[PDB]
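As they're listed, the protein sequences go chains m, N, L, g, c, l, i, M, d and p.
PDB author numbering numbers the first residue of the first sequence as 2 and each following residue consecutively.
PDB author numbering numbers the first residue of the second sequence as 251 and each following residue consecutively.
PDB author numbering numbers the first residue of the third sequence as 1 and each following residue consecutively.
PDB author numbering numbers the first residue of the fourth sequence as 58 and each following residue consecutively.
PDB author numbering numbers the first residue of the fifth sequence as 13 and each following residue consecutively.
Letter by letter, the sixth sequence follows residues 37 to 54, 70 to 125 of PDB author numbering.
PDB author numbering numbers the first residue of the seventh sequence as 2 and each following residue consecutively.
PDB author numbering numbers the first residue of the eighth sequence as 2 and each following residue consecutively.
PDB author numbering numbers the first residue of the ninth sequence as 2 and each following residue consecutively.
PDB author numbering numbers the first residue of the tenth sequence as 2 and each following residue consecutively.
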Amino acid sequence: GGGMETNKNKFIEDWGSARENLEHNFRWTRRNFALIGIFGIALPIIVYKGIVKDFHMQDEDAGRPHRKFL
Amino acid sequence: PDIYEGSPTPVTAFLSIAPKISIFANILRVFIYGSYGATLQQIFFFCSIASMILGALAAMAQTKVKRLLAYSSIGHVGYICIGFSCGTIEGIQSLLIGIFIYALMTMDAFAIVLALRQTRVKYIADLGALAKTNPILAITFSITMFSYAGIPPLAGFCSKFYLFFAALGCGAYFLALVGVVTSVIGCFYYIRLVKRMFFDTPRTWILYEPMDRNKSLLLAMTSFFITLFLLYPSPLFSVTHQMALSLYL
Amino acid sequence: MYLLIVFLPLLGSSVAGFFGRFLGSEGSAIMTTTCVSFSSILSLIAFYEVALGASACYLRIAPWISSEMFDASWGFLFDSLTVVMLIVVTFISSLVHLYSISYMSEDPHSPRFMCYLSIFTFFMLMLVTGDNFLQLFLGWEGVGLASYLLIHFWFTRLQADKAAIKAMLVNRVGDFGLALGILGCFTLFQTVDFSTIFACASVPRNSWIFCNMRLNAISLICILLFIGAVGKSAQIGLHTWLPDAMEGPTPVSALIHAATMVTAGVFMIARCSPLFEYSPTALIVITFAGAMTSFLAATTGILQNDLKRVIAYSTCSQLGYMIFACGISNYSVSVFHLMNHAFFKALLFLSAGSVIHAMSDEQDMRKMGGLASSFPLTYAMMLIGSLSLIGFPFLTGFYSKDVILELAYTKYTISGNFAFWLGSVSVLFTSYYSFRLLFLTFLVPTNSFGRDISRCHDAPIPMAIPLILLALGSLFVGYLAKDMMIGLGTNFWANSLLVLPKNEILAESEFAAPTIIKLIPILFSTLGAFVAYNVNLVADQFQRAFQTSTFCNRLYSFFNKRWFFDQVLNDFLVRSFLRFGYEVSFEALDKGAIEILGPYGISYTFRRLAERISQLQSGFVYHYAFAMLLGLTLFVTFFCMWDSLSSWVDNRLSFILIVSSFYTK
Amino acid sequence: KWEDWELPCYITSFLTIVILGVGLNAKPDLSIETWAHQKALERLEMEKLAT
Amino acid sequence: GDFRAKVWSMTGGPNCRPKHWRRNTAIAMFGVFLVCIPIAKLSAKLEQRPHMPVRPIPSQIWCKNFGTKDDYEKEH
Amino acid sequence: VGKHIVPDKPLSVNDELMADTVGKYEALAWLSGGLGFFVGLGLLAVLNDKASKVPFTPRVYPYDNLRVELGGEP
Amino acid sequence: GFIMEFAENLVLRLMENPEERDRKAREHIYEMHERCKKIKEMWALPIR
Amino acid sequence: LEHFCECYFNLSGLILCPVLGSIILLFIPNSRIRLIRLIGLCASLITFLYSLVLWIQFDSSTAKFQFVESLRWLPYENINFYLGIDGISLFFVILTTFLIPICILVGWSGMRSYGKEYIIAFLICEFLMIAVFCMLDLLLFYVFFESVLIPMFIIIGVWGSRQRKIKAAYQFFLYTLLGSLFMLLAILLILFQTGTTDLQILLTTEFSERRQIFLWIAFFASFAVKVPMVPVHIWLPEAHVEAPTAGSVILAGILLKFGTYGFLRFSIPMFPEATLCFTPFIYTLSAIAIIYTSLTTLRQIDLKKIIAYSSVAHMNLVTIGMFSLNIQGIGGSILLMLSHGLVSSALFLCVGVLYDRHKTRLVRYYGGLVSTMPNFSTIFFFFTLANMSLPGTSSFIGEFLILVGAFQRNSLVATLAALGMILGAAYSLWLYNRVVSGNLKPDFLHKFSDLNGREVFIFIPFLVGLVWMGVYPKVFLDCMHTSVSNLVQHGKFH
Amino acid sequence: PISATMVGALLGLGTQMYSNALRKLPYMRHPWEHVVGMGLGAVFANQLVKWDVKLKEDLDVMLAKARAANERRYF
Amino acid sequence: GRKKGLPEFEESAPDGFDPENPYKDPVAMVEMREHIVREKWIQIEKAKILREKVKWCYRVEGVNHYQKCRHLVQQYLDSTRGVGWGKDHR
């Protein structure tokens with residue numbers, strides 16, 4: 002009846018606040034350890050080596066030695 | 251910290267500045283001039299590191315303005331003594347520059363504290379909504395806190411700049427790491443006051459009496475110095491170089 | 001005059017979109033139809049001057065992206081292939097504009113509909129007329145957009161919004177591959193211009209590094225480009241969007257997802273024939289894709305109950321025929337089937353809409369029947385379109401479908417044999433659902449509701465006029481245009497299409513083939529019509545097999561739910577990525593470990609450290625004196641009594657113990 | 058009634074088109090592309106007529 | 013419906029029936045035709061036809077770029 | 037349209053995003084079999100070896116198989 | 002008289018001179034590279 | 002050496018304009034709100050026109066720094082600072098001068114409660130941001146970059162909508178300060194070698210590969226926080242969401258550009274050998290950020306969070322382009338940087354339009370808006386398309402050029418980077434449909450107003466700029482290619 | 002141009018206004034004090050410039066002596 | 002002020018550039034870098050002029066482009082190998 006502001010829903014707002022405060026829920030469980038290990042460590046290392054290997058395969062296509070990277 | 255809190259506030263303001271000038275003059279003329287060497291400077295190196303770390307942590311733990319200022323002064327003497335530790339001409343010059351800038355900044359801060367002591371300021375939370383009740387005082391005090399934190403181009407950067415200059419000059423990276431971490435901690439507990447004066451919406455406000463002419467004039471001058479020193483820093487640099495040279499010749 | 005062809009539909013859409021509040025439903029309908037129809041007439045003139053007069057037109061407006069050798073340009077190319085596609089697009093769009101004038105008369109938002117119709121047309125013109133890969137990409141994406149806007153034109157309907165997003169996401173996967181091929185093209189030839197690339201395509205022989213694999217550069221480019229044709233032409237893998245695109249209005253299905261845009265993948269393979277000709281590996285891949293698609297869409301469409309769904313699966317089957325025709329190096333035949341397809345398929349969708357409009361928006365064939373005498377005009381156009389689609393002799397569909405099946409038999413390769421078997425069996429399957437539709441909709445005893453029957457009416461004039469014009473097309477276009485398009489040794493295409501000498505099979509396909517091979521489609525089509533008559537007019541216990549047998553019931557659902565393709569791809573692919581963005585990248589990493597090993601953990605530890613350091617200042621003077629004394633003792637010990645200690649101590653140990661003291665109690 | 062922002066904004070908008078519409082079309086073409094194009098034309102001229 | 017009558021939109025909203033829609037439609041016709049005139053002139057100026065048609069064609073009336081790119085080893 | 041449902045129960049996660072009669076892995080097995088039909092058909096095409104029963108000799112084009120006309124050395 | 006020709010000159014009057022701009026850039030580098038030695042003597046002066 | 006300029010319009014006047022505006026606004030009483038508004042808006046608009054004139058006199062044939070003017074610090078002249086721009090920094094000065102008047106116009110209606118502090122904070126931000134982009138010295142670049150932290154902190158904390166702004170402002174300040182502290186160490190290490198901080202001298206000095214690697218790591222520690230790269234990007238969603246609308250515009254449209262600008266101005270040209278060594282490392286971090294943050298964006302439920310997270314993926318694609326080290330990659334990276342500052346700024350303006358009326362950022366409340374705000378829905382759709390890098394929009398030019406430049410170096414990284422075409426389409430259209438399409442929900446929202454005259458005008462230069470770059474990027478690329486070419490060639494002589 | 006006198010006068014006037022504002026008084030309360038502050042600021046800025054010049058001379062003499070003492074080492 | 006006309010640059014490489022130790026004459030080092038950039042842009046325009054020739058030969062000759070433009074395609078493809086800053090170094 003009055004105003005343009007949204008009529009707040011307690012359940013929808015609770016869903017909103019629980020999303021913003023997710024860091025209080027982290028527990029270091031088995032599932033988290035597998036997820037962080039696979040996608041925080043293993044996958045970036047796989048992408049890193051794939052990119053290096055792509056450069057190196059070019060080097061031996063040009064008759065050049067393998068370029069050094071950090 | 252205990253004497254700074256418990257003493258009458260003008261005593262705290264006086265003890266914060268003058269004795270340090272005089273004792274550092276003594277330290278220069280005794281040690282830099284006498285000659286035992288390495289051990290003497292290692293003393294001051296280790297004490298500087300301990301001072302920076304402990305001052306930063308303890309200040310981060312404080313809820314009262316006077317204690318926060320005491321711990322900030324402890325941290326800053328750590329930064330200054332890093333200059334005495336290196337034992338070079340630029341070390342002495344930077345020690346003197348750091349002393350001068352810290353003294354002017356402390357005079358600014360205690361002018362504000364004595365101004366707010368007419369309404370009995372005690373806690374950091376008492377400064378809530380000061381940007382509404384006295385916006386120009388909240389700006390002047392925020393400038394002092396950002397200068398204490400070393401944010402360029404305020405005068406406080408000058409001293410911070412040296413810390414890292416000597417750390418990479420005398421070849422000391424653990425000192426550099428301590429400086430980076432403690433600078434970040436100091437920045438946090440200084441900007442907490444700016445947050446209290448500007449971002450908070452307390453239910454109960456404290457209205458403060460306006461300051462007298464003496465403190466307003468001193469505050470205006472020191473605040474102009476703090477914002478504008480890096481535009482014309484030549485006289486201080488020249489005079490401190492003169493003093494560093496005159497220690498030996 | 002050539003710029004007026006491309007930009008007239010843009011002008012028509014601009015007036016309806018920006019100024020539709022001044023024209024209303026009637027004004028915006030006239031404005032967009034007139035501009036598109038004028039562009040249609042100029043397109044007929046352009047076909048006469050470029051194809052019949054053998055005079056190509058090249059037009060360059062200005063550069064688009066000029067960065068070193070990168071030279072994307074606002075440039076237009078009008079050759080024989082272009083003016084064929086201009087005719088198909090402008091003519092069908094003009095009819096669909098006329099058809100929509102009365103089909104959407106009762107819709108509240110007709111002016112926005114007509115505006116979207118014309119903007120689609122403009123982008124499709126920009127796709128077929130561009131002279132470089134980047135302008136084609138602009139048309140490629142624009143028709144992806146206009147299709148999205150038209151599928152959810154009823155924005156209040158949630159299934160339309162689900163269908164429009166799916167159409168755009170599936171095509172972005174195709175655009176992903178298409179863009180990669182364009183990147184590969186530039187790296188190899190140092191240009192995106194069509195004429196330069198085709199003139200140089202025969203030379204490169206180098207190998208390339210792609211995803212840590214040594215591959216042939218030309219083959220890599222051609223396969224990446226074909227991924228683009230897989231998305232737009234709904235080929236196996238990226239095809240589940242086409243049936244769901246029926247959520248839009250019927251005119252949208254006729255123009256966009258049956259005649260013009262759905263064939264952009266076929267046009268692009270044909271336009272790039274001078275490049276695709278130098279990758280036999282790509283041609284084999286293309287042969288397998290089309291052949292499988294034709295079977296996948298035919299078997300699925302024999303159990304659909306919705307009119308628009310059946311015709312949508314038929315569209316996906318004919319596209320496979322076009323694609324594997326391109327795969328056997330017959331681009332003139334695939335384009336010939338393209339234009340032929342644009343006539344009877346459009347006639348079938350527009351005729352379906354008239355039945356649906358007549359039957360109060362009923363679309364389920366199980367609630368129709370006994371409508372031949374109630375709607376004579378509509379049934380007649382549907383018979384012509386259907387008989388032409390199935391390849392009845394001497395109709396438009398017969399002169400191209402049969403030649404593709406003949407050429408596939410003549411291809412003496414594994415992929416050619418694969419295509420012949422799968423293309424031939426699909427003819428039986430397409431004849432079944434074509435007649436199954438007719439019998440259920442208009443010939444069986446009525447299965448419908450009375451209130452619908454007592455409110456029937458037949459096509460108004462603006463709806464019937466396009467149907468009669470498309471009937472004439474779906475009866476005579478094929479015969480009239482054969483010798484022009486695929487006449488033996490024809491020069492109609494000039495330099496538009498390229499078939500290398502080693503790949504030419506048309507003569508052998510017409511002379512060296514046994515007579516039985518050319519009669520298999522009619523023999524297969526007859527069997528499908530007879531089977532449809534029996535299942536839908538005689539069998540009465542047939543359905544009981546599925547209502548009692550578990551294997552036969554799952555089999556019914558297997559072909560009804562499209563080989564459970566959407567399901568598998570939703571349960572395994574979409575859900576996997578959706579779950580990853582919350583449980584892994586956000587909860588486990590961003591708001592998990594990164595927070596704990598960052599701001600959240602750092603604040604916690606430093607708060608505890610500050611609390612402990614604060615407790616040192618205990619307020620007891622004795623502690624301050626004790627601290628001073630300890631500092632003195634420490635100084636004396638370390639800086640004077642450290643001469644004989646180095647025998648028993650190390651510097652490493654000392655600092656280790658000081659830090660280790662922090663983890664006490 | 059025009060709001061207080063309209064006049065300064067519509068004058069800035071007008072001056073923006075005039076400066077960019079005139080200035081960009083009136084500044085000389087000094088791109089490395091235009092200079093090298095002319096330079097490359099003469100070198101291909103100079104190596105063609107001479108052997 | 014009820015509230016959509018108070019909502020302004022460029023395309024006119026639902027069931028848009030402007031009273032003077034005929035004079036506005038005819039005014040819109042003229043604008044497109046006036047817009048088309050510079051487009052056609054620029055098109056005719058820009059077209060390139062390297063090949064003479066087998067028979068005379070309508071674009072030989074306004075286009076003067078027929079059989080011009082014969083010297084291709086000179087294009088830059 | 038009619039009346040949008042306003043929540044009355046605590047909203048759970050995965051609600052921003054929230070195929071009936073056939074199970075998940077059973078659908079994967081049926082689709083796998085369907086794709087296994089194309090695989091077996093393709094293998095049958097290899098086993099057939101239609102390329103080995105071609106009823107004509109490869110086209111030969113004049114002028115050295117149009118070597119010059121195809122971009123070769125003139 | 003003509004708008005564009007006036008603007009051609011007007012923009013040309015506003016641009017900096019290329020020869021002087023390059024000259025000053027060259028001198029800046031030359032002088033700083035031969036100047037980079039003076040100050041580093043001061044940081045090396047013995048405190049004692 | 003007084004390297005003063007002969008041009009009439011120079012960089013010092015442009016730097017002085019918003020400073021004069023702020024000084025004047027210092028002394029105007031808060032009862033004269035009309036005057037405060039007019040003076041602030043006029044100062045910003047004159048700065049925009051001045052920068053346009055700087056564009057007009059730009060010389061696109063030189064690789065030297067243009068409009069170079071010297072500013073003296075000590076009469077000893079040992080330390081003397083230079084200002085100047087090239088094809089890499091000119092358009093960013095223009096973008097700053099253009100975005101500031103937008104920031105003033107957005108808060109026009111609330112100016113009676115914002116006060117002169119709001120305008121002064123933004124005018125002070127303008128002065129520092131213009132200066133940062135015009136610096137030819139490592140030390141002055143450092144000092145001016147940190148100066149913006151003070152007003153940005155103030156802007157976020159004071160005028161943020163809800164008390165999460167406290168945490169947001171803290172995190173922004175602390176992350177940025179940490180990064181700037183690592184840059185300071187490298188500046189002082191460079192100064193120990195060279196005895197100078199003048200950029201032009203540094204571009205002519207040789208570094209050892211060992212110390213090149215180390216100094217590059219020290220520059221990366223600051224720039225990767227600025228960009229931001231994973232895993233130090235988590236400050237961004239909090240700061241960009243809790244800020245006021247104009248604060249979000251400044252944060253995403255200008256401040257984000259400072260890390261990528263620092264990569265182009267210092268790290269890439271000054272340490273060519275280290276840059277080659279760290280190219281697989283940059284490629285990996287950018288590729289991960291593009292894939293991962295795009296998927297996080299998909300699962301966000303706050304309007305401003307979806308737009309904030311999209312900014313991270315766009316900025317990491319920029320880093321792939323600049324580290325491709327060719328004309329297309331670096332040329333495309335600068336164009337995407339400019340395009341992002343227009344597209345994301347316009348998108349933050351659309352969300353702010355919705356928030357000022359209804360005071361909520363949760364997507365669940367909205368929906369059906371096309372039936373009540375068709376004008377906003379059309380403008381929102383256009384910038385939605387531009388965020389998807391639709392061909393014909395400004396963002397497609399930079400995006401494709403970066404992919405071209407990446408493909409010519411490493412086909413794998415160009416392939417992973419091209420996956421953002423699929424992912425970026427998914428979250429942009431899902432956002433648009435859940436807000437605009439569907440049916441209204443009168444139990445949450447029942448009272449509606451479309452855009453007014455001020456909001457439509459605000460959107461006009463964003464539409465014109467996006468179209469102008471999307472169809473004719475040549476006016477920008479022409480003025481850049483000479484500086485881009487010499488940046489690529491820096492450190493090689495063949 | 003920008004002389005020391007003008008910078009000092011502006012700084013002194015600003016110092017009087019800042020003082021009045023910190024005390025919640027009108028900016029121009031007691032204008033004769035604004036005149037006095039302008040004069041004092043001008044005098045202070047000019048004297049600072051002169052003092053800086055003198056300081057430089059003294060430093061040069063001191064640095065000359067230090068370098069002579071250091072060069073004595075290599076005799 | 003600036004005189005009207007196309008920009009003017011020295012045709013020859015700077016004198017004072019030792020390719021053995023490029024970091025010894027910096028003014029020449031910078032001037033060599035600019036000269037190489039300008040030289041590389043000349044070859045870029047060379048391939049683009051050569052590319053316009055291939056384009057119009059294809060358009061003019063049609064089905065006979067393989068024999069009639071054999072020479073132009075070779076010239077263009079040779080000019081594009083090792084051009085600009087692409088996938089070839091020198």
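Don't be surprised by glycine CBs; every beta carbon is placed ideally from N, CA and C.
For residue i, I'd like the list of residues in its chain whose CB is within less than 7 Å of its CB, leaving aside the five on either flank, ordered along the chain.
i: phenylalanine 59(M); result: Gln67, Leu91 and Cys480
Which same chain residues end up closer than 8 Å to residue i when comparing Cβ atoms and leaving out the 5 residues on each side of it in sequence?
i: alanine 22(d); result: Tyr28
i: residue 92(c); result: Chain c is shown only over 13 to 88; residue 92(c) falls outside these bounds and no answer can be derived.
Within a Cβ cutoff of 6 Å, which residues of the same chain sit near residue i, ignoring the five residues on either side of it in sequence?
i: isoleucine 41(l); result: none
i: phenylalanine 448(N); result: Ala381
Is the Cβ of residue i closer than 8 Å to any Cβ of chain l?
i: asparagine 570(L); result: yes
Could you spell out where the alpha helix (DSSP H) holding residue i opens and where it closes?
i: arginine 60(L); result: Note, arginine 60(L): premise wrong, no alpha helix (DSSP H); beta strand (DSSP E) at 57-67.
i: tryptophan 33(d); result: 32-72
Counting only C-beta atoms, is residue i closer than 8 Å to chain N at any point?
i: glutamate 587(L); result: no
Residue range of the beta strand (DSSP E) that residue i falls in?
i: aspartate 71(L); result: 70-78
For residue i, would you say it is in contact with chain L, using Cβ-to-Cβ distances shorter than 8 Å as the test?
i: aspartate 15(m); result: no
Is it the case that the Cβ atoms of residue i and residue j are separated by a distance below 8 Å?
i: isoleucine 269(M); j: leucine 100(M); result: no
Contact list for the segment 47-63 of chain p against chain g, Cβ threshold 7 Å
For chain g, the residues of the segment 47-63 of chain p that bring a beta carbon within less than 7 Å of one of its beta carbons are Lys47 and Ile50, in chain order.
When you check each C-beta in the segment 206-223 of chain M against every C-beta of chain p, which residues fall closer than 7 Å?
Look at the segment 206-223 of chain M: the residues with a C-beta under 7 Å from a C-beta of chain p are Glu207.
Residues from the segment 46-57 of chain m in contact with chain L, defined by Cβ distance under 7 Å
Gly51, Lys54 and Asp55: these are the residues of the segment 46-57 of chain m whose beta carbon lies less than 7 Å from some beta carbon of chain L, given in chain order.
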